[PDB]
Amino acid sequence: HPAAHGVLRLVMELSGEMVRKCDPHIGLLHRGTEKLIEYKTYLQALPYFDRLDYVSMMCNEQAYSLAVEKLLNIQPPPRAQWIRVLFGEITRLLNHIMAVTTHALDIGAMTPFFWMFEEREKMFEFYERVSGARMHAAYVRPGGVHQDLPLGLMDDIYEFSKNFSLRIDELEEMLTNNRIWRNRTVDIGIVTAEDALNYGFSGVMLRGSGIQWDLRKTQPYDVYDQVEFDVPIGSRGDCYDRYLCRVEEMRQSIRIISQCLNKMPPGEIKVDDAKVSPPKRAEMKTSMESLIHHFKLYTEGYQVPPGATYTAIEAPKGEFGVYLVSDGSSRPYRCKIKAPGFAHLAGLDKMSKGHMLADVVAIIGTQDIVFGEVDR
Amino acid sequence: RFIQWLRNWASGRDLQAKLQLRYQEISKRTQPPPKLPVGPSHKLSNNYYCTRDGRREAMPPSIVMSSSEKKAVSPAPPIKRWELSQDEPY
Amino acid sequence: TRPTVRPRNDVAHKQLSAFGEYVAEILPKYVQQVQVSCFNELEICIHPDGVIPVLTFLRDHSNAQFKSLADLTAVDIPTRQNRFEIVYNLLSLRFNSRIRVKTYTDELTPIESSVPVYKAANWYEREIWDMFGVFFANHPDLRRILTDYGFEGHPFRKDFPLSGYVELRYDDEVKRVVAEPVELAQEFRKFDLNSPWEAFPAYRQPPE
Amino acid sequence: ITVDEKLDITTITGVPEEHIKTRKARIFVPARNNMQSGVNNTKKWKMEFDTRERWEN
Amino acid sequence: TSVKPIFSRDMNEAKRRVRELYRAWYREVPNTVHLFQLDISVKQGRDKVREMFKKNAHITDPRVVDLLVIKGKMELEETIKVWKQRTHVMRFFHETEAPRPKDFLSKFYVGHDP
Amino acid sequence: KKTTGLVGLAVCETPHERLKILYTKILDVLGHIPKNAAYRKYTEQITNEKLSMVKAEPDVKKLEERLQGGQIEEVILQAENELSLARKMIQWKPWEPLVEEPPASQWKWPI
Amino acid sequence: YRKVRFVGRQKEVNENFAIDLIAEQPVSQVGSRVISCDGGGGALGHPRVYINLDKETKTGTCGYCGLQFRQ
Amino acid sequence: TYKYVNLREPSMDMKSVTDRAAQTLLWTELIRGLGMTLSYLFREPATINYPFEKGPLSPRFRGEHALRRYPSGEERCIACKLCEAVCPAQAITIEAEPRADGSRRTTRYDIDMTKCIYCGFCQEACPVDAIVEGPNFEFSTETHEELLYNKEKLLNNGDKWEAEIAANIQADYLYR
Amino acid sequence: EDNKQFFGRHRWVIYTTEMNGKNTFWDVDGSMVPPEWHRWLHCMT
Ligand SMILES: CCCCCCCCCCCCCCCCCC(=O)OC[C@H](COP(=O)(O)OCCN)OC(=O)CCCCCCCCCCCCCCCCC
Ligand code: SF4
Ligand code: SF4
Ligand SMILES: [Zn+2]
């Protein structure tokens, strides 16, 4: 049961009580990815970035679509980006609704799950109305957003947001100062060291531990610069101060979704230059030039110049890489993805030696380890 | 009634934000036909490819490779710290 | 050009010329090439000798911190005559920059572990032994991660035909779940996308 | 340093199975599909193996 | 060729090595053969070990003979422990797979052009 | 101050002379390296200019600016290790010229 | 040999056929030289293609469209 | 900027420390929420009573496939071999061969319904606008010998409802 | 169809008997609805 929506088999040699040893076996979900993305073109191979993790959807692909526009020397048009903040910062309300709960289903409670997922539904519509599908939805592209959003959603985002800070106040009176929970987590799995850096951890289990750095305001993304927010920080390096980021980090988002509904300027959506964007269905269907760039654009891909990149983002649980070589022609060469799960679980064996076994179930939950991602 | 404020005896009171939205205050359908504009240098008589040019940009500029009052130049200036950001920062 | 074309920024490209000028200055026993990626990133071509050495200089200093190791990886190139490649990737928390360190190799020549320098190359080195076959000596542990217990081929290199050599299927003639050679139900069609005319003049290969 | 020069013609064994000695690879310059005049599909010496039976399912 | 060798130096310490871990295999085949509750004639388990070590015989070089070892040195980790469940082991001895002809005229009636 | 800030550290204790031990300790040891390789020409040049700022002003707070470290207690651990390289730096020998240029066509990217 | 698979399974097959369902159309006429074939309604249908009917009696229905067309 | 959370100190005075010793020992907290915030059961349940009632969707939904035909039918597909070549999963399989009159059409068209990953890449590459993901989740048969489709399974499955399909596109086609 | 006093349980349906070569009643699946109401009962429009 304690698989955390994933599959792992870990083996410990405990000393009579204390664990003092752990050495997990990952590699149950491997599936053979990066050997199969040398064989697909650029726009054809997009989803296999969406299907990597199960929870954050538009926050992936925001980290691929930003690792391609570079090699192309092209930026989206202004109404592109100000979408990618509204969905980009709405799925930080997903992994923070999950990692406070389906973590705390291990601690044994019931309602903080059956109480929330009433709501995590009211969001899944907003993936379905905008484009198609229940979870994995392929929307972002190399050219900015796919197609415009209907007449609506801005009375279904606003009406939904002003209701929400209450539900996050039913996960507080139900958790923070409830003792039997405070005692299940304090001073548990403390890594305060400069090994907590030396391992190269990403965001939280950093920012909740002191050392202070974030990739949203030290680097711009896509206009992220023009909205104001404050990055919560923790006191002592234990778990219950890596929880308390993930409440005060759900009460920052509703600032931005509220700050980002006021600014969205009218404008096109796709990149304009049309060699990298398909045309509409009014244009490809009458004039001439609008096939030969719609009919060579759906067999081979773009032509994206050679030379290597790297890039990074802040995904709800930590960074996300793409190290994208490209050989100078249509199909890629290594596309090497890194997500946490080579750090946040590199550091279990270290972190937990000297506490019981019935802690090690509640240590994992704070890293937010979610697998098939360790397809890294 | 006797069950209305016994829902209001706990969790403060709400009666406005309520879980099921099931009642009214929603969006109806897509009634109107929309029209999506095409702005960004879509016109004629001027827009000319080879000024818009998204791609065709050079190879990575080299630096001295095989075959001086340096201040110990760092890659960039060091970071200045953050504020404490009045919100209720404690 | 402005509206759809990514606006550049010069300042970032002046300094990472300098700060990388002189790490070919103070460790010339090792570093054999350096350059500046047009997007403001650096690539330091380093002989395979210095690996533990160079990082250790990058490990601490007051002019270059580079404490955070982010991404170790590899690339495997035939017709490079020394097959594989490493690429280390390191973030220096104070100075806000990325500087990547490229070191070549072969299969037979060992490379030496980085593990005492950073403790986060513990896993990333166990993996590569599985995939490409590079053998890292003096590594506190060397084992099999990401792969099953049967793969004797080291897949991600360029000689492994995509579908591996043994499909699996269970039969009730005894108990077990046993392994019979791979027999597909569809060819895996091979399309052919590579179009002529050389659309890129700048990258034009030498005239020859 | 243990430089230890020697000469043994490099070969490697055991990773594939019987496909070592059964087959014959081939090294050839692609010929330019002639329905079009683009000369850029040349210039790299690839290799590709023998073809064995495809049947019907 | 100038590159540092791995463990051995030339062929002797090397061919002391292959002699060595043989016994770790030869001394432990059978403790497993009761442990997995797999049933075979324990002498089979001593034929295969000696069937494999005689296989790669033509190796002319150090750093090859050290390379193979680093594989062989591993397996004794998994097998002497239980990281396999019966079905990563028995795959060595292929029970189900119908025989290959390997002769001539037996081919010519079945299969095209091997 | 009672909070070390970035956690994992602890404030003990002496400022203004705790650095001065180490820079001085750096400067003396550092001189034993031959003088050709610029390593001394840099590794020292940052320390002296650093030390000029150290001597002298209160409070420790205004020692922070113009010397960009983290908090002072951390700047020690910045100055702590820069030694632990130097006293290796003579073990292996960077200054010596370059060895084994790669086989003359290797780094050329589009194959 | 093959035919024993759909035994009792009733074998879905296509009641109508378009192999020719076309010829029942009142093949149109214009009184002009070249025409616009955009079919099935504006912006749902084949891309606009102009065909010449000058033969004697024939037309040409563009081959996307199929619908028998002439003067 | 910043914030600091879980940085506070107890007050340490006898007006307070009763308030924390009227808590441990009398349970004045821990009955605050789960004596209450649990009940709070008196809200109307939220359930879509399934075999009858059903939930929302949108005109852009994805699902079971179809092949339309114009008014009097042409089998709108021209076999231009595209919806085949953008397919990530490579489900599609197409074999044309010139039909008797000389207008081209298909013979074999097979969407495997296990491999198809539900992109929305085969709805968006067809220039003559044939192949269309239906909005019907009718599925789930009991034999994998089945879900593979032929041509002449599709057309019906796409002529069973064209009153569903032909009225969605004319909501949605004005956006793209 | 309810009075527009609910959302998502406001629109509902009733099955009766033996549509097409069918078992009588207590067999009800939900693929039976006429291929029109998919534009109504599902709240697509
Ligand atoms: C002159 C006449 C005499 C005058 C006397 C004046 C009054 C004295 C009588 C007081 C005695 C009341 C009962 C005894 C005290 C309660 C038991 C207790 O001491 O709990 C202490 C417990 C320890 O917690 P702690 O020390 O903080 O350590 C954890 C730190 N992480 O801290 C805790 O909070 C534990 C809480 C209980 C643990 C289980 C709770 C689970 C939920 C069950 C609650 C339901 C019970 C409600 C009662 C129903 C009655 C019908
Ligand atoms: S629908 Fe479009 S793609 Fe599918 S076959 Fe007919 S034409 Fe080719
Ligand atoms: S549906 Fe998705 S998967 Fe099936 S063919 Fe069309 S695109 Fe390829
Ligand atoms: Zn027509």
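Here chain A follows Swiss-Prot, giving residues 88-463 in order.
Just so you know, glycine gets a Cβ as well, placed from its N, Cα and C.
The annotation [4Fe-4S] cluster binding site is assigned in Swiss-Prot to A:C326, A:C332, A:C347 on the grounds of sequence analysis. Listed in sequence order, the residues of the same chain lying 6 or more apart from A:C326 ([4Fe-4S] cluster binding site) and placing their CB within less than 8 Å of its CB are A:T272, A:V273, A:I275, A:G276, A:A449, A:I450, A:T453.
Summarising the annotation, Swiss-Prot assigns symmetric dimethylarginine to A:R118 and lists experimental evidence as the type of evidence. DSSP gives A:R118 (symmetric dimethylarginine) a coil state; it is part of no helix or strand.
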Residue among the binding-site residues A:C332, A:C347 whose Cβ has the most other Cβ atoms within 10 Å: A:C332
Contacting recorded positions, sequence order - A:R118, A:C326, A:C332, A:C347 vs ligand 3, Cβ under 6 Å: none
Pairwise CA distance, A:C332 ([4Fe-4S] cluster binding site) versus A:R118 (symmetric dimethylarginine), rounded so that it is a whole Å: 33
Alpha-carbon distance [A:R118 (symmetric dimethylarginine); A:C347 ([4Fe-4S] cluster binding site)] in Å: 38
Protein Cβ atoms within 10 Å of A:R118 (symmetric dimethylarginine), excluding its own: 11
Local backbone state of A:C326 ([4Fe-4S] cluster binding site), from DSSP in three classes: coil
Helix, strand or coil at A:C347 ([4Fe-4S] cluster binding site) [DSSP, three-state]: helix
